[PDB]
Each structure stands twice: as structure tokens, then as C-alpha cells.
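K.L.:
Sending over a structure as C-alpha cells; questions will come in a sec.
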Amino acid sequence: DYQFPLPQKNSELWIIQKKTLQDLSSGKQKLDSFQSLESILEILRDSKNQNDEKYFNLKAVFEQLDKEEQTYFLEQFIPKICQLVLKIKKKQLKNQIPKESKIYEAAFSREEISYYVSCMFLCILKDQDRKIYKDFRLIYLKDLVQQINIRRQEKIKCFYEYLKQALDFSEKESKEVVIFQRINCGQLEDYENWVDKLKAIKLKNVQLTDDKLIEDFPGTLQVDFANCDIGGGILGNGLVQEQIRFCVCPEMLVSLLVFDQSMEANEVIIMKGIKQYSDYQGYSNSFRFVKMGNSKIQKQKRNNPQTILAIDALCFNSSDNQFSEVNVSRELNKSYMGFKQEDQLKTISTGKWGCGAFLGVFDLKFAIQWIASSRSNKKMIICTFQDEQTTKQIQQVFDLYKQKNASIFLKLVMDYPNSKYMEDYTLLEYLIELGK
């Protein structure tokens with residue numbers, strides 16, 4: 001098993017880092033400027049060269065604070081997160097690949113999670129043998145493209161907000177359990193096996209929403225449109241569905257420290273006990289951190305933990321046949337293996353999985369997820385992401401095919417590409433035409 005090294009693993013550097021951290025924590029060294037913070041980050045990173053562009057984005061967030069909160073940041077926040085790092089007892093974190101039909105479960109207390117996120121903030125998580133880092137050093141760094149700096153700053157703001165909150169945890173909240181599971185789901189079923197397994201399965205309920213998002217459905221199994229490397233570009237430039245979820249729920253960051261290796265076709269990830277610390281507006285280059293408000297629903301987002309399912313769709317290019325038996329069976333397996341987890345969460349909250357960055361056609365991905373949900377004997381919520389035309393089409397297909405045989409529905413789907421309808425009709429339009 002790979003062991004991701006924590007700072008204590010490098011015993012000689014840790015002598016230095018520990019003293020640095022302790023004098024900040026105790027107030028023996030008092031930071032008086034942002035430049036003094038740069039200096040301490042340089043020591044912790046064991047930098048060779050001075051280049052203030054290394055902290056450009058962190059400086060931007062700091063300079064947006066008011067003068068009282070700048071003082072707070074230097075004199076209270078940094079020292080307190082140094083103190084969290086000093087609470088770490090482990091020297092490394094296990095990165096296990098489970099055997100067939102087994103799980104690798106990594107449990108942590110909610111405060112422990114905060115210790116590791118503090119490591120990320122202070123740029124002390126790197127495996128020097130592998131030349132891999134799992135901290136905020138890239139996000140801090142000035143990019144040549146302005147919009148990429150703004151993405152990075154906005155991410156920083158979300159992580160900072162979480163760490164402020166984590167510093168204020170009650171003893172009860174601090175000892176709550178956060179669990180990460182890497183689940184090997186056993187043997188892949190091929191396309192003909194799928195057709196056979198579906199023969200007595202009836203399609204189940206779908207609820208459509210055009211104005212709510214996945215994270216708006218507490219109490220459901222909420223889907224992360226993952227990269228096979230959990231988190232994808234969260235510690236770089238990424239800022240679409242998966243990365244936004246990690247920004248609003250930064251406890252998810254610890255998944256990166258236990259799931260180094262890419263998910264296999266028959267693996268899924270579950271994260272349990274995850275709270276939401278930030279709100280947001282926009283998306284990608286328009287994403288901005290929004291402070292969580294104090295309504296009843298917003299307090300609930302902050303206080304009530306959720307379970308997330310991370311499943312990675314295929315990353316298609318334009319020449320791939322998304323309807324091939326091989327590619328359909330791949331997505332049926334990945335979705336169903338995910339959806340059937342957590343059998344007490346009888347509703348799946350999902351949407352355009354694989355159909356943004358990964359170039360999937362949503363008509364087919366809808367059909368595949370509905371088959372998977374149905375086989376798992378769960379209901380599904382589909383978020384259309386402010387796409388009224390898709391909502392209308394899916395509503396018609398749902399009304400026609402609800403409670404119909406799933407095996408035959410799959411076969412009708414798979415007839416589309418060779419049909420007389422392929423040229424002039426979308427998949428959804430063809431499914432409707434079959435009923436005319």
C-alpha cells in the first residue's frame with residue numbers, strides 16, 4: 001500500500017517545521033505583515049528561491065479583507081491553524097486499493113480533517129520522492145491568465161471560510177465522524193448480461209428540476225461528476241461540478257490523501273459526514289464565493305451532514321461512439337455500481353453526468369442513469385441546469401416509459417443509431433416518436 005507522507009515522516013525537516021509552527025502558535029513569533037507570512041510559508045515548504053509571485057493569489061484574498069480581519073488573519077488565524085498541524089500524530093496516510101468486492105474505508109474525526117486541510121493551507125503536503133504535492137501551492141501561485149487567478153482566489157476564499165468555521169467547532173462537532181470509502185464493486189457485467197438482468201425490472205420515478213442543483217437535495221445520495229482521480233483539478237484550475245462541490249465542502253479534500261490511484265471501472269467512492277461551509281454563485285470563470293446566510297435552510301446546509309457518491313463518466317471525444325455496446329455497458333456498470341451503494345438512501349440526486357467537460361450526450365446519459373436507478377430500486381432526481389427544453393423532452397419520455405420494462409427500454413435505445421430516425425431526431429425525440 002502506498003503511504004502518503006505527512007510532515008513528520010521527514011524527521012529532519014520536521015525539527016525545523018515544528019519549531020516554526022510552535023513559535024507561531026504560542027505567539028512567540030508575531031506576524032506583522034503579509035510579507036512575514038510569506039517568509040514563514042517559505043520555511044515550511046523548504047523553498048530554495050524567493051519569488052513573491054508564489055503567494056500572489058493568497059495575497060489577493062488577504063488584501064480584500066478589512067484591516068481588522070487582516071490583523072485577525074495574521075495574529076489569530078495563522079497561529080491557530082499552526083496549532084492544528086501540531087495536533088497531528090500520524091506520520092503518513094494509507095492509500096489502499098481494495099481487493100475484488102472489498103472496501104477501503106478511511107475514517108477521521110471532523111477536527112482531524114481540519115488538521116490535514118490546515119497542512120494544505122500551509123503548503124506542507126508533498127511527497128518529495130514522487131515529486132507530487134497535495135496542498136495549495138499552485139492555487140497560491142500567479143498564473144499568466146487573469147481569470148485563472150480569480151478562480152484560484154475564489155477557491156482560497158472557500159477554504160479559508162471552512163478553516164475559520166473548523167476553528168470554532170464545539171467538542172461535539174469536532175468528534176463527529178467523516179468517512180471516505182473506496183468500493184470495489186466486483187465483476188463488470190457486459191451488455192448482454194445487462195439486457196438479461198433487466199428483464200423483470202420496471203423503470204422507477206424521476207423528478208425533474210430546472211432551477212435547483214444537486215446539493216439542494218438533503219437526505220439523498222448526491223452525485224459528484226468525478227474525474228477518475230478523485231477531485232480532478234481541485235488543487236489547480238478546475239472549477240466545474242466536482243471542484244465546486246469540493247470548494248463548498250472542503251472536508252472532501254482529504255480524499256486526495258487516501259485515494260492516490262485512479263478509480264478502476266468497477267470502483268466507486270462514497271464520502272459520508274460531509275457538511276457545506278460556503279455558498280457560491282456562478283460557474284467556472286464566473287464562480288465566486290458567497291458567505292453562507294443565516295436562513296433555516298442555510299443553517300441546515302452548514303449543520304446537517306450528507307453522503308456523496310463520486311462516479312467518473314467516460315471522457316469522450318467527438319469520434320467516439322457513445323452508443324457502442326462497450327461504452328453503454330461501461331456507463332451502466334459505473335452508475336449502477338455507484339447508485340446501489342447506501343441502500344437506505346432511496347433517492348439519487350444527479351443530472352448531466354459526463355455531459356459537460358466530458359462531452360457526453362445527455363439524452364443517452366439520462367437513459368443510462370434511469371436504467372441504473374431503476375435496477376437499484378431507487379428514485380432519481382434530475383437537475384437540468386437551467387435547460388427548459390431538456391426538461392420538457394425528458395418529462396415526455398418519463399411520462400411515456402415510467403413503469404415500463406427496463407430491458408426493452410434499453411433495447412429501444414440501442415436501436416436508435418441504426419434507425420431511420422438517427423439523421424433527423426435526437427435520442428429523446430426518437431423515444432417520443434415511438435409513441436406517436
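By convention here, the chains of the C-alpha cells are called A, B, ... in the order presented, each chain's residues are numbered starting at 1, and ligands are numbered starting at 1 in the order presented.
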Near residue 155 of chain A, counting only C-alpha atoms, which residues have an atom at most 12 Å away, once you skip same-chain residues fewer than 6 positions from it, shown as number ranges by chain?
P.N.:
A: 57-58, 60-61, 121, 136, 138-140, 148-149, 161-162, 233-240, 243-250, 278-280, 283-285, 287-290
K.L.:
At a cut-off of 12 Å, using only C-alpha atoms, what residues contact residue 413 of chain A? Leave out same-chain residues fewer than 2 positions from it and give the result as an MDAnalysis selection string.
P.N.:
chainID A and resid 195 322:325 328 363:368 371 397 401 406:411 415:419 421:422 426:432 434
K.L.:
Can you list, as a ChimeraX atom specification, every residue of segment 21-265 of chain A that DSSP puts in helix (DSSP H, G or I)?
P.N.:
/A:21-26,34-45,52-64,67-86,110-121,137-140,146-167,171-174,191-197,214-216,241-248,250-258
K.L.:
How would you write, as a list in words, the set of residues in segment 25-208 of chain A that DSSP gives as strand (DSSP E or B)?
P.N.:
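Taking segment 25-208 of chain A and keeping strand (DSSP E or B) only, one gets residues 92, 93, 94, 95, 103, 104, 105, 106, 107, 108, 109, 126, 127, 132, 133, 177, 178, 179, 180, 181, 182, 183, 184, 202, 206, 207 and 208 of chain A.
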